[PDB]
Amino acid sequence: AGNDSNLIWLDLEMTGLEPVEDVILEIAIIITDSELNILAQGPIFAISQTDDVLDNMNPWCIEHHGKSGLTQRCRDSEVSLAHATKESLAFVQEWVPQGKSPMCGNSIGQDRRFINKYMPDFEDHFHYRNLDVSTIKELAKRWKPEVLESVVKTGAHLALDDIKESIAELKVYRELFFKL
């Protein structure tokens, strides 16, 4: 329930990877408890974007985010970045108290960068720490390389599945890589 040591998982899609001139296009939040049971599903926002930014997005993402259906959802969305922030932060505020959960996902150091610039209010609620599953992957690769084979290969259309299968991935690290 909404107390104790629950976790905020999130994933993001951007234009490219340099945040001082690149922008958030999508965000999703998933809250689990400490044992990786999904406890809640936050809002999924496609953030309004200038038609100019979206057409001259850095390519391949042009290819990928046109392919996703995501790009037009930003053309057709009136969700500012503020509103996304305001309701993202409200969402989390009812599942764990300020400053207790880390930011959990895959390669999450790079998401914070954009979170810290564009969604300052949303970041103030997270523990200063990250919990990156991709950090564990590579201890795995260097120590017990065989457990990597029980990770499921792919599939991640929406950001939710990107979150969900990074939660699944941890659970096979939990049972096959950690003492108890």
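Residue indices: 1-based, along the sequence shown.
Colleague: Which of the two stretches, 118-126 or 57-65, shows the higher mean Cα temperature factor in the record?
Modeller: Mean C-alpha B-factor is greater for 57-65.
Colleague: Averaging C-alpha B-factors over each stretch, which comes out higher, 67-75 or 87-95?
Modeller: Result: 67-75.
Colleague: Relative to the other modelled residues of the same chain, rank the CA B-factor of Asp22 and answer lowest, middle or highest third.
Modeller: CA B-factor rank for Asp22: highest third.
Colleague: State the tercile, meaning the lowest, middle or highest third, of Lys164 with respect to the CA B-factors recorded for its chain.
Modeller: Lowest third - that is where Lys164 ends up once the chain's C-alpha B-factors are sorted.
Colleague: Ranking the modelled residues of this chain by C-alpha B-factor as given in the entry, is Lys144 in the lowest, middle or highest third?
Modeller: According to the entry, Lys144 has a C-alpha B-factor in the chain's highest third.
Colleague: Per the entry's values, where does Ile8 land by CA temperature factor relative to the rest of its chain, in the lowest, middle or highest third?
Modeller: It falls in the bottom third of the chain.
Colleague: Check where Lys153 lands among this chain's C-alpha B-factors and tell me if it's the lowest, middle or highest third.
Modeller: Highest third.
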